[PDB]
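These notes concern the structure reproduced below.
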Amino acid sequence: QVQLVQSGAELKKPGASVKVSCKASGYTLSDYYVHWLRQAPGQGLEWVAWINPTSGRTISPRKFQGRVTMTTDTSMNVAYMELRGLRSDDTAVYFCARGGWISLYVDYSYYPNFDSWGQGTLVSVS
Amino acid sequence: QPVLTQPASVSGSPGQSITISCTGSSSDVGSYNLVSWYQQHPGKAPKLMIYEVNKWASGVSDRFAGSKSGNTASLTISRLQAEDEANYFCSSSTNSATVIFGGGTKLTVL
Amino acid sequence: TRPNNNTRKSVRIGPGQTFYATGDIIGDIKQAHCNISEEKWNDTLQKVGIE
Ligand SMILES: *[C@@H]1O[C@H](CO)[C@@H](O[C@@H]2O[C@H](CO)[C@@H](O[C@@H]3O[C@H](CO[C@H]4O[C@H](CO[C@H]5O[C@H](CO)[C@@H](O)[C@H](O)[C@@H]5O[C@H]5O[C@H](CO)[C@@H](O)[C@H](O)[C@@H]5O)[C@@H](O)[C@H](O[C@H]5O[C@H](CO)[C@@H](O)[C@H](O)[C@@H]5O[C@H]5O[C@H](CO)[C@@H](O)[C@H](O)[C@@H]5O)[C@@H]4O)[C@@H](O)[C@H](O[C@H]4O[C@H](CO)[C@@H](O)[C@H](O)[C@@H]4O[C@H]4O[C@H](CO)[C@@H](O)[C@H](O)[C@@H]4O[C@H]4O[C@H](CO)[C@@H](O)[C@H](O)[C@@H]4O)[C@@H]3O)[C@H](O)[C@H]2NC(C)=O)[C@H](O)[C@H]1NC(C)=O
Ligand SMILES: *[C@@H]1O[C@H](CO)[C@@H](O[C@@H]2O[C@H](CO)[C@@H](O[C@@H]3O[C@H](CO)[C@@H](O)[C@H](O[C@H]4O[C@H](CO)[C@@H](O)[C@H](O)[C@@H]4O)[C@@H]3O)[C@H](O)[C@H]2NC(C)=O)[C@H](O)[C@H]1NC(C)=O
Ligand SMILES: *[C@@H]1O[C@H](CO)[C@@H](O[C@@H]2O[C@H](CO)[C@@H](O[C@@H]3O[C@H](CO)[C@@H](O)[C@H](O)[C@@H]3O)[C@H](O)[C@H]2NC(C)=O)[C@H](O)[C@H]1NC(C)=O
């Protein structure tokens, strides 16, 4: 059994900041890379970033470089993704998802193989 | 940086076959064969239905084809039934070490 | 295998001559390694042992 329970939704002023947390359940977060995703109302799925939760190494495409900052607390077994400098676009349903197994000898960080997904939490904007 | 494309909406016919495709660049589709296909219903979370073109995803019936060719790939659905009423996103990874999604397309009724 | 995707960075060091360094690493960081099949290595090593 698997669950990626995320924190609740919260509306923010545009240009504000917000911390979004993703909980692990049924597995230890150190096994897999955690991918962060999004879905605006009526739009498609937008890829935001990955994090290698052990080393805390991350990559985000271009649009979110500087927007998104990343941490984890594997003692608590939780993954976080903080946004700053919000816009109207950020009325969207962020998803957290676990991607590839972390193997010391082969790089699975970067390819679209999402096993299980978060339920969905809504950073919003008035 | 997101560039991946696919026809934004199409329709199927029960019992027949339909082609639902996506296209990109040699940087992200032809560079490596890493592709997958996703089903999400509104009010629910997505569900991986293809990975690495034709490695077999869980709970996927044999209707759901998976193929790739150069700059293109597609679910060539065959026998094309009605209980899949929501979209079918494409996705591939770029040589810049990033994941890309398409614009989504709806497997409409049908 | 060297699984890291290194990139070479060109630097101009003196008149009309270049130095090449390593730029940013694309992707994730991984360890360099070499693999051998261990049953065949064991049989080979025992065959040395009988000599
Ligand atoms: C040199 O040398 C070296 C050494 O060797 C090398 O390296 C290598 O390499 C290779 C290749 O590259 C790699 O591989 C990889 O691996 C990985 C890992 O594996 C492992 O692990 C896993 C996991 O584990 C976990 O889980 C389990 C269950 O399952 C359990 O049991 C365990 O214990 C764990 O647990 C966890 O949790 C828990 C909770 O409680 C806890 O407790 C603990 O502690 C932990 O934490 C596993 O699984 C595996 O196993 C498997 O596999 C095998 C083979 O290998 C087999 O035999 C078995 O049976 C199994 O099977 C199963 O599973 C699978 C999965 O995997 C599936 O598929 C099948 O069907 C069955 O079911 C082991 O143990 C892995 O993971 C990987 O895989 C992936 O990828 C691939 C690529 O190729 C592909 O193909 C596949 O498909 C896969 O994918 C899949 O999976 C994933 C995961 O995540 C995902 O993501 C995806 O999506 C997919 O999915 C699936 O599932 C789902 C559900 O979930 C569904 O839906 C779908 O549809 C599908 O089905 C790969 O294979 C390796 O790793 C390496 N190594 C190391 C050490 O790292 C190198 O390479 C050389 N060199 C050169 C140059 O080469
Ligand atoms: C190894 O270390 C070097 C530094 O010693 C590092 O190189 C630095 O990379 C950063 C990131 O690319 C560079 O900073 C950027 O430069 C661009 C130039 O176009 C600026 O536009 C950027 O500004 C935006 O981002 C800032 C935050 O980073 C914001 O505060 C700002 O308002 C803008 O929004 C940004 O400054 C930096 O110039 C280089 N440094 C040098 C000396 O070239 C390199 O990346 C390191 N290696 C690895 C693998 O990380
Ligand atoms: C690792 O990084 C490299 C570079 O980021 C990726 O592969 C290389 O990507 C470049 C740019 O697309 C390719 O350049 C092309 O080279 C041919 C040479 O004949 C040239 O004709 C073109 O005009 C263009 O310059 C290069 O070929 C390509 N190399 C390979 C081996 O694919 C690579 O995708 C990255 N790998 C991973 C796993 O991230």
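How things are named: the first chain in the structure tokens is A, the next is B, and so on; residues count from 1 in each chain; ligands count from 1 in the order shown.
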
At a cut-off of 9 Å, list the chain C residues touching chain B, using only C-alpha atoms, as a VMD selection string.
chain C and resid 26 to 28

How would the residues just chosen look if you wrote them out with C-alpha atoms as an mmCIF file, in the first residue's frame?
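Listing of result-v5.cif after writing:
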data_model
loop_
_atom_site.group_PDB
_atom_site.id
_atom_site.type_symbol
_atom_site.label_atom_id
_atom_site.label_comp_id
_atom_site.auth_asym_id
_atom_site.auth_seq_id
_atom_site.Cartn_x
_atom_site.Cartn_y
_atom_site.Cartn_z
ATOM 1 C CA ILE C 26 24.081 17.162 -16.575
ATOM 2 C CA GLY C 27 21.758 14.994 -14.515
ATOM 3 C CA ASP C 28 22.527 13.252 -11.232
#

Within 9 Å of chain B, which residues belong to chain A? Use only C-alpha atoms and report them as a count of residues only.
26

Throw together the list of residues within 10 Å of ligand 1, counting only C-alpha atoms and all ligand atoms, and drop it here as a PyMOL selection string.
(chain A and resi 1-2+25-33+98-108+111-116) or (chain B and resi 36+47-52+55-60) or (chain C and resi 1-3+32-37)

Keeping only C-alpha atoms, take the residues you just selected and write them out as a PDB file, in the first residue's frame.
ATOM      1  CA  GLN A   1       0.000   0.000   0.000  1.00  0.00           C
ATOM      2  CA  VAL A   2       1.255   3.473  -0.973  1.00  0.00           C
ATOM      3  CA  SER A  25       3.638   6.247   3.677  1.00  0.00           C
ATOM      4  CA  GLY A  26       4.438   2.572   3.195  1.00  0.00           C
ATOM      5  CA  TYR A  27       8.030   3.278   2.139  1.00  0.00           C
ATOM      6  CA  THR A  28      11.104   5.260   3.158  1.00  0.00           C
ATOM      7  CA  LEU A  29      11.649   8.433   1.144  1.00  0.00           C
ATOM      8  CA  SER A  30      15.347   7.667   0.620  1.00  0.00           C
ATOM      9  CA  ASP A  31      14.563   4.938  -1.946  1.00  0.00           C
ATOM     10  CA  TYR A  32      13.161   7.096  -4.764  1.00  0.00           C
ATOM     11  CA  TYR A  33      13.525  10.524  -6.326  1.00  0.00           C
ATOM     12  CA  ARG A  98       7.946   9.375  -6.469  1.00  0.00           C
ATOM     13  CA  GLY A  99       9.895   8.567  -9.616  1.00  0.00           C
ATOM     14  CA  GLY A 100      12.790   6.198 -10.099  1.00  0.00           C
ATOM     15  CA  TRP A 101      14.588   3.993  -7.624  1.00  0.00           C
ATOM     16  CA  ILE A 102      17.877   5.523  -6.477  1.00  0.00           C
ATOM     17  CA  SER A 103      20.737   3.327  -7.688  1.00  0.00           C
ATOM     18  CA  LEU A 104      24.334   4.334  -7.053  1.00  0.00           C
ATOM     19  CA  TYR A 105      25.423   3.065 -10.502  1.00  0.00           C
ATOM     20  CA  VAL A 106      22.697   4.264 -12.922  1.00  0.00           C
ATOM     21  CA  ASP A 107      20.978   7.659 -13.261  1.00  0.00           C
ATOM     22  CA  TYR A 108      17.184   7.298 -13.170  1.00  0.00           C
ATOM     23  CA  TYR A 111      12.839  10.249 -16.928  1.00  0.00           C
ATOM     24  CA  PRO A 112       8.996  10.082 -16.740  1.00  0.00           C
ATOM     25  CA  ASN A 113       8.283   6.892 -14.805  1.00  0.00           C
ATOM     26  CA  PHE A 114       6.010   8.094 -12.018  1.00  0.00           C
ATOM     27  CA  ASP A 115       4.805   5.200  -9.876  1.00  0.00           C
ATOM     28  CA  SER A 116       2.385   6.852  -7.430  1.00  0.00           C
TER      29      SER A 116
ATOM     30  CA  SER B  36       5.251   7.095 -20.998  1.00  0.00           C
ATOM     31  CA  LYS B  47      -2.272   6.610 -13.447  1.00  0.00           C
ATOM     32  CA  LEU B  48       0.761   5.452 -15.447  1.00  0.00           C
ATOM     33  CA  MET B  49      -0.402   3.336 -18.411  1.00  0.00           C
ATOM     34  CA  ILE B  50       2.815   3.064 -20.483  1.00  0.00           C
ATOM     35  CA  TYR B  51       6.506   3.367 -19.723  1.00  0.00           C
ATOM     36  CA  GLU B  52       9.560   3.035 -21.964  1.00  0.00           C
ATOM     37  CA  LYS B  55       7.112  -2.002 -21.025  1.00  0.00           C
ATOM     38  CA  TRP B  56       3.805  -3.187 -19.664  1.00  0.00           C
ATOM     39  CA  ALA B  57       2.020  -1.034 -17.093  1.00  0.00           C
ATOM     40  CA  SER B  58      -0.288  -2.475 -14.444  1.00  0.00           C
ATOM     41  CA  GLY B  59      -3.983  -2.935 -15.145  1.00  0.00           C
ATOM     42  CA  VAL B  60      -3.627  -1.949 -18.811  1.00  0.00           C
TER      43      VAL B  60
ATOM     44  CA  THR C   1      31.292   3.070 -17.001  1.00  0.00           C
ATOM     45  CA  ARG C   2      31.453   6.739 -16.007  1.00  0.00           C
ATOM     46  CA  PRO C   3      27.701   7.389 -15.525  1.00  0.00           C
ATOM     47  CA  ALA C  32      32.329   5.068 -11.574  1.00  0.00           C
ATOM     48  CA  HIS C  33      32.583   1.288 -11.485  1.00  0.00           C
ATOM     49  CA  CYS C  34      33.651  -1.887 -13.269  1.00  0.00           C
ATOM     50  CA  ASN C  35      31.722  -5.165 -13.356  1.00  0.00           C
ATOM     51  CA  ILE C  36      32.873  -8.784 -13.615  1.00  0.00           C
ATOM     52  CA  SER C  37      30.832 -11.995 -13.508  1.00  0.00           C
TER      53      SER C  37
END

Each chain C residue no farther than 7 Å from ligand 2, nearest pair in Å, only C-alpha atoms and all ligand atoms, as a tab-separated table:
residue	atom	partner	partner_atom_place_in_ligand_line	distance
C:23	CA	ligand 2	49 (C)	6.5
C:24	CA	ligand 2	49 (C)	3.9
C:25	CA	ligand 2	49 (C)	6.0

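Ranking C:41, C:12, C:29, C:46 by their shortest atom-to-atom distance to ligand 3, with only C-alpha atoms and all ligand atoms included, puts C:29 first.
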
Just how far from atom CA of residue B:22 is atom CA of residue A:92, in Å to one decimal?
24.0 Å

Enumerate as a VMD selection string all residues of chain C assigned to strand (DSSP E) by DSSP on the backbone, naming them with the chain letters and numbers the document uses.
chain C and resid 8 to 12 18 to 22

Nearest residue to ligand 3 out of B:26, B:81, B:61, B:72, using only C-alpha atoms and all ligand atoms?
B:26

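If you look at atom CA of residue B:106 and atom CA of residue A:3, they are 27.1 Å away from each other.
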
Which of stretch 6-104 of chain B end up as helix (DSSP H, G or I) when DSSP is run on this backbone - answer as a PyMOL selection string?
chain B and resi 26-30

Students should find that atom CA of residue B:20 and atom CA of residue A:39 are spaced 21.0 Å

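The shell of residues at most 9 Å from residue B:86, with only C-alpha atoms counted and near chain neighbours (fewer than 6 positions) removed, consists of residues 39, 40, 41, 42, 105, 106, 107 and 108 of chain B.
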
N, CA and C atoms of the current selection, written as a PDB file, in the first residue's frame:
ATOM      1  N   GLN B  39      -3.100   8.469 -17.659  1.00  0.00           N
ATOM      2  CA  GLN B  39      -4.545   8.654 -17.609  1.00  0.00           C
ATOM      3  C   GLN B  39      -4.901   9.316 -16.284  1.00  0.00           C
ATOM      4  N   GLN B  40      -5.605  10.443 -16.357  1.00  0.00           N
ATOM      5  CA  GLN B  40      -6.107  11.136 -15.178  1.00  0.00           C
ATOM      6  C   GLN B  40      -7.572  11.463 -15.398  1.00  0.00           C
ATOM      7  N   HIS B  41      -8.401  11.137 -14.408  1.00  0.00           N
ATOM      8  CA  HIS B  41      -9.800  11.545 -14.395  1.00  0.00           C
ATOM      9  C   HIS B  41      -9.942  12.802 -13.549  1.00  0.00           C
ATOM     10  N   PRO B  42     -10.772  13.784 -13.914  1.00  0.00           N
ATOM     11  CA  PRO B  42     -10.965  14.939 -13.028  1.00  0.00           C
ATOM     12  C   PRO B  42     -11.491  14.517 -11.664  1.00  0.00           C
ATOM     13  N   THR B 105      -4.809  15.254 -24.442  1.00  0.00           N
ATOM     14  CA  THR B 105      -5.831  15.018 -25.450  1.00  0.00           C
ATOM     15  C   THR B 105      -6.887  14.106 -24.855  1.00  0.00           C
ATOM     16  N   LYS B 106      -8.143  14.363 -25.209  1.00  0.00           N
ATOM     17  CA  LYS B 106      -9.271  13.697 -24.574  1.00  0.00           C
ATOM     18  C   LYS B 106      -9.786  12.553 -25.434  1.00  0.00           C
ATOM     19  N   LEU B 107      -9.794  11.347 -24.855  1.00  0.00           N
ATOM     20  CA  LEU B 107     -10.387  10.163 -25.475  1.00  0.00           C
ATOM     21  C   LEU B 107     -11.905  10.251 -25.306  1.00  0.00           C
ATOM     22  N   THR B 108     -12.497  11.160 -26.086  1.00  0.00           N
ATOM     23  CA  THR B 108     -13.898  11.525 -25.926  1.00  0.00           C
ATOM     24  C   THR B 108     -14.813  10.449 -26.485  1.00  0.00           C
TER      25      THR B 108
END

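Candidate residues A:87, A:57, A:67, A:13 were compared for distance to chain C, and the nearest is A:57, using only C-alpha atoms.
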
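If only C-alpha atoms are the atoms counted, then among C:13, C:51, C:22, C:4 the closest residue to chain A is C:4.
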
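Taking only C-alpha atoms and all ligand atoms into account, ligand 3 lies nearest to C:30 out of the set C:39, C:30, C:15, C:48.
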
Just want the 10 Å neighbourhood of residue A:74, counted on only C-alpha atoms, with same-chain residues fewer than 2 positions away dropped. Output as a ChimeraX atom specification.
/A:24,28-30,53-54,71-72,76-79

Would you mind exporting C-alpha atoms of the selected residues as a PDB file, in the first residue's frame?
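Output (result18.pdb):
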ATOM      1  CA  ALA A  24       5.637   9.323   2.689  1.00  0.00           C
ATOM      2  CA  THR A  28      11.104   5.260   3.158  1.00  0.00           C
ATOM      3  CA  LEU A  29      11.649   8.433   1.144  1.00  0.00           C
ATOM      4  CA  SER A  30      15.347   7.667   0.620  1.00  0.00           C
ATOM      5  CA  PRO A  53      16.253  13.346  -1.259  1.00  0.00           C
ATOM      6  CA  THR A  54      19.563  12.023   0.116  1.00  0.00           C
ATOM      7  CA  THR A  71      14.499  20.483   1.340  1.00  0.00           C
ATOM      8  CA  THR A  72      13.738  17.130   2.938  1.00  0.00           C
ATOM      9  CA  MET A  76      10.372  12.705   9.570  1.00  0.00           C
ATOM     10  CA  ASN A  77      10.136  11.052   6.117  1.00  0.00           C
ATOM     11  CA  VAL A  78       8.670  14.179   4.483  1.00  0.00           C
ATOM     12  CA  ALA A  79       9.521  16.179   1.354  1.00  0.00           C
TER      13      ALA A  79
END

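Among A:34, A:93, A:51, A:125, the residue with the shortest atom-to-atom distance to chain C, counting only C-alpha atoms, is A:51.
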